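First comes the structure, then the notes that go with it.
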Amino acid sequence: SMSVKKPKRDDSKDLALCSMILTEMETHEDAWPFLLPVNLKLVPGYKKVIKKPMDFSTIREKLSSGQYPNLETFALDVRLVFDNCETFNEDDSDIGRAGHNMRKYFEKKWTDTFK
């Protein structure tokens, strides 16, 4: 509260570390459904159904331009990618399986890096 602060957790490497994680996600073989924004002109239903589209390119641009105020808003966008994937794709489809795998991959790097 006012003039009463918890000890300073060192956040000075967060930007670099989120960039590294993102690089690892970008280079994973199952990243292909997630690398670019879904083409809303060519994919029926996507626009109306998925209220907040998100993809790795968009996260990378946001990261590169200071649009994440902290590492939690970064994780929120990554998880949005997989949440959207689960919303639109059957679990037993290549894209659906890709999304479960990438989520697992991410969540391990996240825990290992920060927790």
Side-chain angles (χ1 to χ4, degrees), residues 1-7 9-12 14-114:
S1 72
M2 194 188 324
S3 309
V4 178
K5 285 298 157 322
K6 274 219 191 53
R9 193 218 153 237
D10 186 5
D11 66 342
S12 59
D14 287 357
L15 183 69
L17 291 167
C18 289
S19 180
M20 292 173 44
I21 292 175
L22 187 49
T23 293
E24 292 160 12
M25 278 191 308
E26 293 160 330
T27 59
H28 191 298
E29 65 166 287
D30 299 343
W32 59 269
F34 311 112
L35 292 175
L36 299 178
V38 171
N39 186 327
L40 302 178
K41 296 176 202 277
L42 303 186
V43 177
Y46 206 86
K47 199 171 194 295
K48 180 61 176 280
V49 173
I50 298 299
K51 301 314 181 173
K52 295 165 79 170
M54 187 55 56
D55 71 285
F56 296 168
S57 78
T58 298
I59 297 175
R60 168 69 72 193
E61 185 55 38
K62 287 182 61 169
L63 192 63
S64 294
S65 58
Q67 294 185 64
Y68 294 118
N70 53 52
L71 82 172
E72 302 309 332
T73 55
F74 171 75
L76 284 169
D77 264 2
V78 174
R79 292 167 179 150
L80 176 63
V81 176
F82 309 128
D83 294 345
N84 287 349
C85 184
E86 280 197 55
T87 298
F88 207 79
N89 296 270
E90 285 288 349
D91 297 342
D92 192 0
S93 62
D94 295 273
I95 293 173
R97 284 193 278 287
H100 293 293
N101 287 353
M102 293 301 310
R103 187 192 295 273
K104 185 78 176 184
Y105 191 71
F106 169 67
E107 293 298 351
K108 176 73 154 61
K109 306 286 189 169
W110 194 254
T111 299
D112 294 356
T113 301
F114 292 115

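The first residue of the sequence shown is numbered 1, and numbering continues consecutively from there.
No salt bridge links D83 with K52; every basic N to acidic carboxylate O contact stays at or beyond 4.0 Å. In summary, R97 and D92 engage in a salt bridge, as defined by a charged side-chain N under 4.0 Å from a carboxylate O.
A distance of 8.0 Å separates OH in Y46 from OG1 in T87, rounded to the nearest 0.5 Å. Taking CZ of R60 as the reference point, atom SG of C18 lies at 10.0 Å (rounded to 0.5 Å). Rounded to the nearest 0.5 angstrom, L17 CG and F114 CZ are separated by 4.5 Å. Atom CG of residue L63 and atom CG of residue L22 lie 6.5 Å apart, to the nearest 0.5 angstrom. The CG atom of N89 sits 9.0 Å away from atom CG of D91, with the distance rounded to the nearest 0.5 Å. The distance from the CD atom of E24 to the OG atom of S19 is 10.0 Å, given to the nearest 0.5 Å.
Judged by distance alone, with hydrogens and angles left aside, the side-chain atoms of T27 form a donor-acceptor pair with the main-chain N or O of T23 at under 3.5 Å. The backbone N or O of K48 lies less than 3.5 Å from a partner atom in the side chain of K51, making a donor-acceptor pair. Between the side chain of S1 and the backbone N or O of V4, no donor-acceptor pair lies under 3.5 Å. Of the possible polar contacts, none joining the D11 side chain to the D14 backbone as a donor-acceptor pair under 3.5 Å is found. Under a 3.5 Å cut-off, the side chain of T111 and the backbone N or O of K108 do not form any donor-acceptor pair.
Contact detail for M54 and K62: the closest heavy-atom pair is CE-NZ, 4.4 Å. Between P33 and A98, the shortest heavy-atom contact is CG-CB, 4.0 Å. Closest non-hydrogen pair, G99 versus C85, comes out as CA-SG, 4.0 Å. Heavy-atom minimum distance, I95 versus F34: O-CZ, 4.2 Å. The two residues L35 and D55 have their closest heavy-atom pair at O-OD2, 3.3 Å.
Using a 4.5 Å heavy-atom threshold, the side chains of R79 and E107 count as touching. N84 is listed as a side-chain neighbour of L80, based on a closest heavy-atom distance under 4.5 Å. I50 places none of its side-chain heavy atoms less than 4.5 Å from the side chain of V38.
Note on ring orientation: taking the six-membered ring where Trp is involved, the planes of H28 and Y105 are perpendicular (angle over 60°, cut-offs 30° and 60°). Classification of the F82-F106 ring pair by plane angle, with boundaries at 30° and 60°, yields tilted.
Other residues, nucleotides and ligands contribute more than 12 heavy atoms inside 6.0 Å of the CD atom of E86.
Residues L40 and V49 share a hydrophobic cluster, clusters being chains of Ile/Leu/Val/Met/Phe/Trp/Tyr side chains in contact below 4.5 Å.
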Q) When you look at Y68 and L15, which way does the side-chain contact (heavy atoms from CB on, under 4.5 Å) test go after all the steps? A) CA-CA 9 Å; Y68 294 118; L15 183 69; over 6 Å; no

Q: Start with the C-alpha gap between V43 and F88, add the side-chain angles, then the distance that decides, and say whether side-chain contact (heavy atoms from CB on, under 4.5 Å) holds.
A: CA-CA 11 Å; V43 177; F88 207 79; 3.9 Å; yes

